[PDB]
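**Q** One file is attached below, protein.pdb, containing PDB, C-alpha atoms and all ligand atoms.
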```
ATOM      1  CA  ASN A   2    -100.600  20.818-166.588  1.00  0.00           C
ATOM      2  CA  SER A   3    -103.512  18.688-165.314  1.00  0.00           C
ATOM      3  CA  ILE A   4    -102.925  15.848-162.994  1.00  0.00           C
ATOM      4  CA  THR A   5    -105.646  13.459-161.810  1.00  0.00           C
ATOM      5  CA  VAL A   6    -104.864  11.029-158.975  1.00  0.00           C
ATOM      6  CA  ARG A   7    -107.086   7.939-158.543  1.00  0.00           C
ATOM      7  CA  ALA A   8    -106.672   6.693-154.961  1.00  0.00           C
ATOM      8  CA  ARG A   9    -108.286   5.370-151.777  1.00  0.00           C
ATOM      9  CA  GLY A  10    -107.394   4.742-148.139  1.00  0.00           C
ATOM     10  CA  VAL A  11    -108.217   1.775-145.866  1.00  0.00           C
ATOM     11  CA  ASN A  12    -109.865   3.936-143.189  1.00  0.00           C
ATOM     12  CA  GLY A  13    -110.469   7.259-144.811  1.00  0.00           C
ATOM     13  CA  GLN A  14    -108.187   9.400-142.656  1.00  0.00           C
ATOM     14  CA  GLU A  15    -105.253   8.986-145.022  1.00  0.00           C
ATOM     15  CA  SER A  16    -103.602  12.094-146.408  1.00  0.00           C
ATOM     16  CA  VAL A  17    -101.710  12.307-149.664  1.00  0.00           C
ATOM     17  CA  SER A  18     -99.790  15.172-151.230  1.00  0.00           C
ATOM     18  CA  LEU A  19     -99.227  15.665-154.947  1.00  0.00           C
ATOM     19  CA  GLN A  20     -95.764  17.108-155.480  1.00  0.00           C
ATOM     20  CA  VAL A  21     -94.226  18.468-158.716  1.00  0.00           C
ATOM     21  CA  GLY A  22     -90.440  19.273-158.687  1.00  0.00           C
ATOM     22  CA  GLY A  23     -90.442  19.200-154.906  1.00  0.00           C
ATOM     23  CA  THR A  24     -93.319  21.660-154.751  1.00  0.00           C
ATOM     24  CA  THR A  25     -96.585  20.618-153.093  1.00  0.00           C
ATOM     25  CA  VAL A  26     -99.374  21.235-155.542  1.00  0.00           C
ATOM     26  CA  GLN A  27    -102.275  19.968-153.425  1.00  0.00           C
ATOM     27  CA  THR A  28    -103.015  17.730-150.481  1.00  0.00           C
ATOM     28  CA  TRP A  29    -106.140  15.633-149.950  1.00  0.00           C
ATOM     29  CA  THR A  30    -107.776  13.354-147.441  1.00  0.00           C
ATOM     30  CA  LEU A  31    -108.835  10.131-149.097  1.00  0.00           C
ATOM     31  CA  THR A  32    -111.945   8.002-148.645  1.00  0.00           C
ATOM     32  CA  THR A  33    -112.261   4.218-148.620  1.00  0.00           C
ATOM     33  CA  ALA A  34    -113.532   4.209-152.254  1.00  0.00           C
ATOM     34  CA  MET A  35    -111.298   4.691-155.242  1.00  0.00           C
ATOM     35  CA  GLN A  36    -112.073   8.243-156.380  1.00  0.00           C
ATOM     36  CA  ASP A  37    -110.463  10.907-158.513  1.00  0.00           C
ATOM     37  CA  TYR A  38    -108.547  13.895-157.240  1.00  0.00           C
ATOM     38  CA  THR A  39    -107.567  16.644-159.574  1.00  0.00           C
ATOM     39  CA  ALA A  40    -105.041  19.443-159.608  1.00  0.00           C
ATOM     40  CA  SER A  41    -103.237  21.731-161.970  1.00  0.00           C
ATOM     41  CA  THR A  42     -99.826  23.420-162.123  1.00  0.00           C
ATOM     42  CA  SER A  43     -97.734  25.510-164.523  1.00  0.00           C
ATOM     43  CA  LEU A  44     -94.673  23.762-163.099  1.00  0.00           C
ATOM     44  CA  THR A  45     -92.721  20.883-164.630  1.00  0.00           C
ATOM     45  CA  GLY A  46     -90.551  18.315-162.892  1.00  0.00           C
ATOM     46  CA  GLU A  47     -90.789  14.989-161.126  1.00  0.00           C
ATOM     47  CA  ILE A  48     -94.311  14.023-159.984  1.00  0.00           C
ATOM     48  CA  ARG A  49     -94.653  12.330-156.565  1.00  0.00           C
ATOM     49  CA  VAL A  50     -97.781  11.157-154.715  1.00  0.00           C
ATOM     50  CA  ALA A  51     -96.871  11.016-151.065  1.00  0.00           C
ATOM     51  CA  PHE A  52     -98.649   9.343-148.095  1.00  0.00           C
ATOM     52  CA  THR A  53     -97.754  11.505-145.115  1.00  0.00           C
ATOM     53  CA  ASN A  54     -99.828  10.529-142.042  1.00  0.00           C
ATOM     54  CA  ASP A  55     -99.268   6.806-141.527  1.00  0.00           C
ATOM     55  CA  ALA A  56    -100.714   5.539-138.194  1.00  0.00           C
ATOM     56  CA  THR A  57    -102.041   2.289-136.812  1.00  0.00           C
ATOM     57  CA  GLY A  58    -104.776   1.361-139.299  1.00  0.00           C
ATOM     58  CA  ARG A  59    -104.008   3.751-142.249  1.00  0.00           C
ATOM     59  CA  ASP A  60    -102.718   2.605-145.744  1.00  0.00           C
ATOM     60  CA  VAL A  61    -102.966   4.248-149.189  1.00  0.00           C
ATOM     61  CA  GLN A  62    -103.659   2.663-152.564  1.00  0.00           C
ATOM     62  CA  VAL A  63    -103.050   4.680-155.699  1.00  0.00           C
ATOM     63  CA  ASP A  64    -104.445   3.019-158.818  1.00  0.00           C
ATOM     64  CA  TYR A  65    -102.977   5.466-161.320  1.00  0.00           C
ATOM     65  CA  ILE A  66    -102.526   9.092-162.214  1.00  0.00           C
ATOM     66  CA  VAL A  67    -103.487  10.854-165.436  1.00  0.00           C
ATOM     67  CA  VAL A  68    -101.173  13.588-166.602  1.00  0.00           C
ATOM     68  CA  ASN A  69    -102.507  15.766-169.390  1.00  0.00           C
ATOM     69  CA  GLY A  70    -104.634  12.852-170.618  1.00  0.00           C
ATOM     70  CA  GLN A  71    -101.935  10.206-170.346  1.00  0.00           C
ATOM     71  CA  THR A  72    -102.423   7.362-167.887  1.00  0.00           C
ATOM     72  CA  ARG A  73     -99.534   6.285-165.604  1.00  0.00           C
ATOM     73  CA  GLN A  74    -100.211   3.147-163.515  1.00  0.00           C
ATOM     74  CA  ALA A  75     -98.851   3.289-159.945  1.00  0.00           C
ATOM     75  CA  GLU A  76     -97.777  -0.376-160.390  1.00  0.00           C
ATOM     76  CA  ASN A  77     -95.626   0.479-163.401  1.00  0.00           C
ATOM     77  CA  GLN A  78     -93.515   2.939-161.416  1.00  0.00           C
ATOM     78  CA  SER A  79     -90.175   1.776-160.109  1.00  0.00           C
ATOM     79  CA  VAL A  80     -89.804   4.020-157.097  1.00  0.00           C
ATOM     80  CA  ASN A  81     -92.186   3.387-154.256  1.00  0.00           C
ATOM     81  CA  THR A  82     -90.819   4.309-150.818  1.00  0.00           C
ATOM     82  CA  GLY A  83     -93.932   3.390-148.841  1.00  0.00           C
ATOM     83  CA  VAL A  84     -94.919  -0.094-149.936  1.00  0.00           C
ATOM     84  CA  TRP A  85     -94.478  -2.935-147.407  1.00  0.00           C
ATOM     85  CA  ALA A  86     -92.554  -5.570-149.328  1.00  0.00           C
ATOM     86  CA  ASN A  87     -89.642  -7.873-148.548  1.00  0.00           C
ATOM     87  CA  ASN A  88     -90.562  -7.469-144.851  1.00  0.00           C
ATOM     88  CA  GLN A  89     -89.805  -3.726-144.827  1.00  0.00           C
ATOM     89  CA  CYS A  90     -91.153  -0.234-145.606  1.00  0.00           C
ATOM     90  CA  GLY A  91     -90.274   0.885-149.140  1.00  0.00           C
ATOM     91  CA  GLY A  92     -89.157  -2.734-149.790  1.00  0.00           C
ATOM     92  CA  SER A  93     -89.894  -2.664-153.543  1.00  0.00           C
ATOM     93  CA  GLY A  94     -91.157  -0.704-156.521  1.00  0.00           C
ATOM     94  CA  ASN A  95     -94.048  -1.418-158.850  1.00  0.00           C
ATOM     95  CA  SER A  96     -96.892  -1.355-156.356  1.00  0.00           C
ATOM     96  CA  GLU A  97    -100.114   0.568-155.954  1.00  0.00           C
ATOM     97  CA  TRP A  98     -99.720   0.492-152.149  1.00  0.00           C
ATOM     98  CA  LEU A  99     -98.214   2.916-149.702  1.00  0.00           C
ATOM     99  CA  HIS A 100     -98.368   1.052-146.323  1.00  0.00           C
ATOM    100  CA  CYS A 101     -95.757   3.264-144.651  1.00  0.00           C
ATOM    101  CA  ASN A 102     -95.092   6.984-145.122  1.00  0.00           C
ATOM    102  CA  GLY A 103     -93.442   7.423-148.471  1.00  0.00           C
ATOM    103  CA  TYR A 104     -94.217   8.220-152.056  1.00  0.00           C
ATOM    104  CA  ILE A 105     -94.650   6.836-155.554  1.00  0.00           C
ATOM    105  CA  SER A 106     -92.588   8.639-158.218  1.00  0.00           C
ATOM    106  CA  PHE A 107     -94.417   9.008-161.536  1.00  0.00           C
ATOM    107  CA  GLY A 108     -91.490  10.750-163.267  1.00  0.00           C
ATOM    108  CA  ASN A 109     -91.325  14.078-165.008  1.00  0.00           C
ATOM    109  CA  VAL A 110     -94.528  15.842-166.072  1.00  0.00           C
TER     110      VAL A 110
HETATM  111  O1  LIG B   1     -93.567  -2.350-139.708  1.00  0.00           O
HETATM  112  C1  LIG B   1     -94.556  -1.477-139.301  1.00  0.00           C
HETATM  113  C2  LIG B   1     -95.486  -1.208-140.506  1.00  0.00           C
HETATM  114  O2  LIG B   1     -96.259  -2.379-140.740  1.00  0.00           O
HETATM  115  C3  LIG B   1     -97.290  -2.247-141.693  1.00  0.00           C
HETATM  116  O3  LIG B   1     -98.098  -3.386-141.962  1.00  0.00           O
HETATM  117  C4  LIG B   1     -97.413  -4.510-142.558  1.00  0.00           C
HETATM  118  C5  LIG B   1     -98.305  -5.004-143.664  1.00  0.00           C
HETATM  119  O4  LIG B   1     -98.658  -3.940-144.464  1.00  0.00           O
HETATM  120  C6  LIG B   1     -99.571  -5.658-143.118  1.00  0.00           C
HETATM  121  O5  LIG B   1    -100.282  -6.180-144.173  1.00  0.00           O
HETATM  122  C7  LIG B   1     -99.238  -6.819-142.227  1.00  0.00           C
HETATM  123  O6  LIG B   1    -100.496  -7.413-141.828  1.00  0.00           O
HETATM  124  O7  LIG B   1     -98.532  -6.227-141.155  1.00  0.00           O
HETATM  125  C8  LIG B   1     -97.276  -5.678-141.572  1.00  0.00           C
HETATM  126  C9  LIG B   1     -96.390  -5.359-140.397  1.00  0.00           C
HETATM  127  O8  LIG B   1     -96.473  -6.489-139.533  1.00  0.00           O
HETATM  128  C10 LIG B   1     -98.023  -0.879-141.753  1.00  0.00           C
HETATM  129  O9  LIG B   1     -98.982  -0.668-142.781  1.00  0.00           O
HETATM  130  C11 LIG B   1     -97.237   0.382-141.448  1.00  0.00           C
HETATM  131  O10 LIG B   1     -98.166   1.427-141.155  1.00  0.00           O
HETATM  132  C12 LIG B   1     -96.204   0.159-140.323  1.00  0.00           C
HETATM  133  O11 LIG B   1     -96.784   0.179-139.020  1.00  0.00           O
HETATM  134 CA    CA B   2    -103.375   0.521-161.339  1.00  0.00          CA
HETATM  135 CA    CA B   3     -99.974   1.684-142.669  1.00  0.00          CA
END
```
Can I see the file as structure tokens?
**A**
Amino acid sequence: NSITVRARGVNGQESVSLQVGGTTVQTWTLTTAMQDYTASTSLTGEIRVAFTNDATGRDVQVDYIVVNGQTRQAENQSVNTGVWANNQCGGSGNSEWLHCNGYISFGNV
């Protein structure tokens, strides 16, 4: 099961973890350019991309992921617990942004 994450940070210290069924597959430190990050698992289950090290000046943007060849846009996902929206952390879904610690759920593998 191949999973590619296309993502960037605002300052390049930002850390994201790819999780599958509650298991952490891989963790990466992002750069300020949108770039691809790839991982693989034999596991199935819910995919999450989690921003874990929010601090003054850090924000994550996930464009999309690609799961076994199939594109899933971050902005088409309904659960986003880190976006700043409606004047609060995790204030909406359907966003590329994780401003606060939180994750975007991309559903089952
Ligand atoms: O509430 C603390 C929270 O704020 C975040 O920033 C939001 C928003 O993302 C910015 O665009 C806006 O300029 O400022 C607000 C808060 O005033 C932030 O990204 C988080 O890391 C938290 O600190
Ligand atoms: Ca996108
Ligand atoms: Ca932030």
**Q** Kindly compile the residues surrounding ligand CA 2 (chain B) within 9 Å, counting only C-alpha atoms and all ligand atoms, and format them as a list in words.
**A**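 Protein and nucleic-acid residues within 9 Å of ligand CA 2 (chain B): residues 7, 63, 64, 65, 66, 73, 74, 75, 76, 77, 96 and 97 of chain A.
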**Q** For the file shown, report as JSON, numbers by chain the outcome of the PyMOL selection byres (((chain A and resi 33) around 7) and not hetatm) at residue level.
**A** {"A": [9, 10, 11, 12, 13, 31, 32, 34, 35]}
**Q** For ligand CA 3 (chain B), list the contacting residues at 9 Å or closer, counting all atoms listed in the file, as a PyMOL selection string.
**A** chain A and resi 11+54-61+83+85+99-102
**Q** Applying the PyMOL selection byres (((chain A and resi 28) around 7) and not hetatm) to the file I just gave you, which residues come out? Please list them as a PDB file with C-alpha atoms, keeping the file's coordinate frame.
**A**
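Result went into out.pdb, see below:
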```pdb
ATOM      1  CA  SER A  16    -103.602  12.094-146.408  1.00  0.00           C
ATOM      2  CA  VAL A  17    -101.710  12.307-149.664  1.00  0.00           C
ATOM      3  CA  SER A  18     -99.790  15.172-151.230  1.00  0.00           C
ATOM      4  CA  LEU A  19     -99.227  15.665-154.947  1.00  0.00           C
ATOM      5  CA  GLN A  27    -102.275  19.968-153.425  1.00  0.00           C
ATOM      6  CA  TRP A  29    -106.140  15.633-149.950  1.00  0.00           C
TER       7      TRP A  29
END
```
**Q** Counting only C-alpha atoms and all ligand atoms, which residue out of A:20, A:48, A:5, A:15 sits closest to ligand LIG 1 (chain B)?
**A**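 Among A:20, A:48, A:5, A:15, it is A:15 that comes nearest to ligand LIG 1 (chain B).
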**Q** With all atoms listed in the file as the basis for distance, which of A:36, A:82, A:43, A:3 is at the shortest distance from residue 103 in chain A?
**A**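 For residue 103 in chain A, the nearest of the candidates is A:82.
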**Q** Using all atoms listed in the file, which of the listed residues (A:46, A:70, A:108, A:92) sits closest to ligand LIG 1 (chain B)?
**A**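 Distance minimum relative to ligand LIG 1 (chain B) lands on A:92.
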**Q** Can you list what the PyMOL selection byres (((chain A and resi 109) around 12) and not hetatm) grabs from this structure, as number ranges by chain?
**A** A: 2, 4, 20-23, 44-49, 68, 73, 78, 106-108, 110
**Q** Calculate how many Å separate CA of residue 51 in chain A from atom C5 of ligand LIG 1 (chain B), rounding to one decimal.
**A**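 Result for CA of residue 51 in chain A versus atom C5 of ligand LIG 1 (chain B): 17.7 Å, one decimal.
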**Q** Could you please determine the separation between atom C6 of ligand LIG 1 (chain B) and CA of residue 6 in chain A in Å, to one decimal place?
**A**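 Interatomic distance here is 23.6 Å.
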**Q** Can you tell me how far CA of residue 40 in chain A sits from CA of residue 25 in chain A, in Å to one decimal?
**A**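 So the answer is 10.7 Å.
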**Q** Quick one: of A:26, A:80, A:50, A:86, who's nearest to ligand LIG 1 (chain B), counting all atoms listed in the file?
**A**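 Distance minimum relative to ligand LIG 1 (chain B) lands on A:86.
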**Q** I'd like to know which of A:71, A:88, A:52, A:79 is closest to residue 104 in chain A, using all atoms listed in the file.
**A**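 Counting all atoms listed in the file, the residue closest to residue 104 in chain A is A:52.
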